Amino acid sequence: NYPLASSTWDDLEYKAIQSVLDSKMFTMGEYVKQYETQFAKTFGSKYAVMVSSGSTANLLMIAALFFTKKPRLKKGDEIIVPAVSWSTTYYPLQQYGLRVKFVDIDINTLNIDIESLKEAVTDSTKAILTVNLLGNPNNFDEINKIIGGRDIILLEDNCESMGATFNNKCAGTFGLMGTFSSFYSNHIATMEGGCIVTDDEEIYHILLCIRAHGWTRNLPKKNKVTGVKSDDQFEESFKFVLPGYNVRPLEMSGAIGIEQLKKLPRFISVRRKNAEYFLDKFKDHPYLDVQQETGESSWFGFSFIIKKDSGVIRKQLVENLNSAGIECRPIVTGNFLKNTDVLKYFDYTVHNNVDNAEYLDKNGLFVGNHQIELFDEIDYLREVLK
């Protein structure tokens, strides 16, 4: 009845898949490059690199910084992150030996708490990995003011807020790099898929290398990684130059992605009409608070946070919703800091406390938003949550 996701595909995605089958060219190639070109143009970045998933997009975004001619990050360098996000926003950090400093969320926007950040940022701060949660962008004016002239790298995990904007600028393009996901239930879907955008040429070339075996095939002749490639094909076929991975996306995902990008403006439009209806329906709810919008959110889903002293218990809310046929979820990692076990592998610290994340973990959950009008489902959702 009210599922988290639905299909974003029509006949065009199916015909694109058919074009690839017809071409018999399956390995990352022409459609992926065209998709990358369109993607960068769509969100306003100079360059885009498509990868296997938004999670390998995050992996290369962190890895890239160790491989610049002059490394931008090194083991033990401190990186600041919000206490609530997806697991693979944090794993790469652990995988590359960074010192993770968690900062609390603001219970209203669900994004990193700006006042807490202002205090967490010190001279030891090397990067801030922001997360635009559930479609809602971070106020980049405030964040950039905090950074100021400091040598702190801004990064964005934008896997939940494709299409979101702040001051007419697309989320994902504020950081030195920004990542996106095109998994099934996201704003666009390419079966699986992710993308890294950047305007930095060295970074872009490093990404081209580390995505595909750390080889030079995808680098241009004149490039920041190897300088100038040899004109001899045998010489540049298996030439390995950086410790990377094979995280190439498939030509089908690229082909499908191109059609999705064309539908994106309408998807965001509908998703925002859904949010308007929803917020109007929930504006003055007796016991539930909704996400507070920054810039223009792309509304990935609709969160609820049980109001304090409402007496309301989350467990029951969930039953009710489920019992009513309404799919729901926790708000992603909820408080990631509760993963004591996995945290055993990290080099980390917590700035101040993550009191809001804790409250969220126990009092929040989310229901779906889609690229199709959901007025009936929202009406029902409000009734069920009488």
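Position 1 is the first residue in the sequence shown; the rest follow in order.
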| said: Please compare 365-373 with 6-14 and say which has the higher mean C-alpha temperature factor in the record. | reply: 6-14
| remark: Assert higher mean C-alpha B factor (142-150 or 71-79, deposited values) equals 142-150
| remark: The largest CA temperature factor among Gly135, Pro220, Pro243, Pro286 is found at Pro286
| message | Out of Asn58, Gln34, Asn353, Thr27, whose C-alpha atom has the biggest B factor in the entry? | response | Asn353
| message | Using the temperature factors of the C-alpha atoms in this entry, rank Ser45 within its chain: lowest, middle or highest third. | response | highest
| said: Based on the deposited C-alpha B factors for this chain, I'd like to know if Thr216 is in the lowest, middle or highest third. | reply: middle
| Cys209 CA temperature factor, ranked by third within the chain | middle
| task | Divide the modelled residues of the chain into thirds by Cα B-factor and specify which third, lowest, middle or highest, holds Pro92. | result | highest
| request: Going by the recorded CA B-factors, say which third of the chain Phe166 sits in, lowest, middle or highest. | output: lowest
